[PDB]
Structures are given as C-alpha cells and as structure tokens.
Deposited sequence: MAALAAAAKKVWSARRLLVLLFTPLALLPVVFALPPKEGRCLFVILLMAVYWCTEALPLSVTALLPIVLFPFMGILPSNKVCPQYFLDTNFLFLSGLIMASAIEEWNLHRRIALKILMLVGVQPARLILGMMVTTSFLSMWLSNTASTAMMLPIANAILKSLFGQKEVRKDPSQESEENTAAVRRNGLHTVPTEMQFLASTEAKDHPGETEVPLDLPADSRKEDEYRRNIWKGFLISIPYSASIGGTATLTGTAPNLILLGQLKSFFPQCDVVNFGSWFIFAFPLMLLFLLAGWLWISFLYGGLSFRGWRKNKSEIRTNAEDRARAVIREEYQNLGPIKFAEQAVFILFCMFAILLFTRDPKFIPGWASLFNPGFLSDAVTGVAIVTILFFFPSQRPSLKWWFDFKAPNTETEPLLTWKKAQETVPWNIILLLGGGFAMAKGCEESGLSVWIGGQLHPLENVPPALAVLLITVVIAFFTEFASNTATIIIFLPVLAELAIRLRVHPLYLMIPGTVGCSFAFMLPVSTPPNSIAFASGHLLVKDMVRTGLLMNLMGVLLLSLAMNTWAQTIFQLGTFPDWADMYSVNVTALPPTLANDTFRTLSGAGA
C-alpha cells in the first residue's frame, strides 16, 4: 500500500533519518571520537544509499569537521587534493587523450583478432589485460583506459536478455579486475606504498618487505583471486557464423586504417608514463628519484609532467619543409589534447570523492578515533591470532566498501600497528592482511574510483554489483587467509615472533 510511496521518497527519508539514528553514537563514546564516528557513519550511509551525490557526500567533512571541532577548515580543505589525487587526475587525463584519438578502438580490434568472438574468452582476456595494466598503473587509471576499450568491443561484436547480461558482466569485470590487479605489486596501487611507508615509520628494524618479496607473495594471490572472479562473472553472466563475425572484425580493423601520428604520439606518451611511474623509485634498485632530494618527488610529479606534454605536442607530423615553403598555409596546429575536451571528459566527481576520503581519514586520525578503536580491540587477545586476523581482514574488506582504499588503509594501518605489538604477534601478519583487503572494494560504485568509472556507463545496477561483490569479498578474504596461513609465513618469516 504505502510501501511504494515510502520507497519513492527514500532519498529524503534517508537524509533526515540517518543523523537521528546515528545520534546515539555521539553519546556512546568520548565526545571528539563520537563526533568523528558520527561523521564517518553518516558519510558511509549516504554513500551506500545514494541519498546525496557521491561528490556532495564527499564534501561533508568540510561542513562537519569544523563545526564539530574535529579539524579546522584550513586543515580539512587542503587534504582534498593531495598528490595521490593529482596522480589520479593525470591518469584520467591520459585516458581521455587515449580515447580522444580512437586508440582504444585499435586496441579493442587487436584484442578481438587475438582472442576471437567468445564472450567468456574476451572477458578472461580483459581480466588478464586490466590486471597486467594494474600492476604498473593505478587502479583508477587502468579502469579509465579499459572501459573505453571494453565498450568498443561490446559495440563491435553486438553491432535480448543475453546481450544485456553480457553488457553487465563485461562492464563490471573491468573495475573488479583492476582492483584485484592493484595488489600484487607495490607500485600497483597507492595503499601498498602507504603500507611500506607506515612500516618504515613504525618499524625501522623490519625491512624484509621489498618489491621482490611482495611480488612473489602476492602474484599467486592475483592468479587465484582473478580465476575465482572470472569464474564468478562467467557464471553470473553468460554461464559459419564465427567466420562471418571474424570477417566483419577484419573489415572494421581495416576501416580503422593506418595508425595516425597522433595515435603513435599518445601511445608513446602512455608508455613513457608507465615506465617513469615504475622506475621512479623501485625498492630493489634505486630509481631516478634518488637523483634529487629525498621525499620531494612522487608519482604525482611524473603524472603531471607527462600530462603537460599532451597539451602542447602537435597532433600532426611536423615537417621542416613547412618553414621554407612560403606557399604553405599559415594555420595553427592542433595539439594532442585541448583543455576543453579534457575538462569535458575528466570525472571531477571522482577527484572530489577521493578528496573526501582523504579528509575523513585525516579527521579520524586527528580526532583520536583510531586510537580509541585500537584500545577497544584490546580484549581480542585470548582469541587465537589466526581467526583474529581473519576477522580483522573481514572487517577491513567490508569497511573499504564505503571509503576509498587509500582512506581505509590510512585509517586502519596505525591501529593494526599498535594492535600487533600489543598482542605479541608479528606486525606483518596484520600489516599485509589489511593492505591487501583494502583493495577488496566491490559492493558500491563509491567503494573505489574504478567502480564509479564502470557505473558511469549506465549499464550496471547497484543490486547486481552488490551481488557480485558479496562473493568477491568472501573469496578474497578466504584466499587472504590461506595466503597468510601457507606461504606468507615463510616469504616474510612472520610465522615466528
């Protein structure tokens, strides 16, 4: 009867009734911690229920932290656009440049020629490709450069419920594969570098974690969880015609024609971006960041430097004969990317969302909420450490679904640092579970910017994404526990304290 009427106004009802429901939190724990927890819970609920746009919810700290006395405006506001956000913006601009010159179509047609007209094989090929791209570029960047290519593929082979299901599956597998792939390498995603920095700050003695050890530990995790995710996606979606379809694919590739100068320039700039990102500071061989002051340079500097070239590099081959040829027309050349097209195609909502995550992370750190959570985790000492770490990675994997991976790893890593020494257990045996599990962001489009990029297409629903992310999180947690039980104990020698 009235259920439809109530559901019609669900957004306003959530907006007005969430602070009322979260009010007892403020009185439950100490004042500043209570206010910070209230803000975190309000932001998480508004993100899950989509009561407000993800950017508008991301701007909540600017209003709530100063009013509640947690952080001043001049402290919460600068956190919104940190160097990690600049790296993400540079990756988004690079993806926009790649898509703007129809290089994504070329890559898509090459992938179809390599694989063939089979939805499951194409899905697996994109899982592999996006995971490979995620080990060297950040998850958001790989997702932004791979959704255009996936959409090109889908428009290629398909030119009714089966088609729509393939749409859903092959548009949702890309952000999920990127999130899975970010974990294997330290350079793969920001939370790994955050973990390394927090380990260096907290534990100068502990230095067993490097690029090689982390890679050999986490690449099997990539393979296992990627196979599990691919099987889950295939089961959920999709369970002389072939010659004609392949002939159409060759015809489309020929219709693409020879590769233009702008396409090659953009591809070379992308390759330089990836190479300079990887070689900036490897943990086994010093990078070119050692040629400068220590700690001055980061991935943001490289991203902005590479992106700046796109805005002045010519999109046509420059000929020295033009200067001598007085008969040639004197027309201005088109750069690789104009700022108008970039501003049109850059998702500033994702930038604001990441900034809100950073701001809420700093608010949690400054208000003393993290210390309070660490203190409340005290009675988890008579409980055996194995399933204790299991439940810790469970709660981390189910908390990263609201905020960004960076925000949740920053929030939870010092808590685990205090907890591990308090409980007489190996610090890494808690460091690495949380760092890996923060990337297990699969429920909501707000969980990670890859999910937002995928959801921006409009072919994905919240219900289907949550249904997939349930089992994705469960298998990720189980594989994390298995890794910590079998081969993490010997690679990182964390089985003996």
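Which ranges of the deposited chain go unmodelled, in order along the sequence?
Deposited residues absent from the model fall in 1-5, 165-223, 304-318, 577-607.
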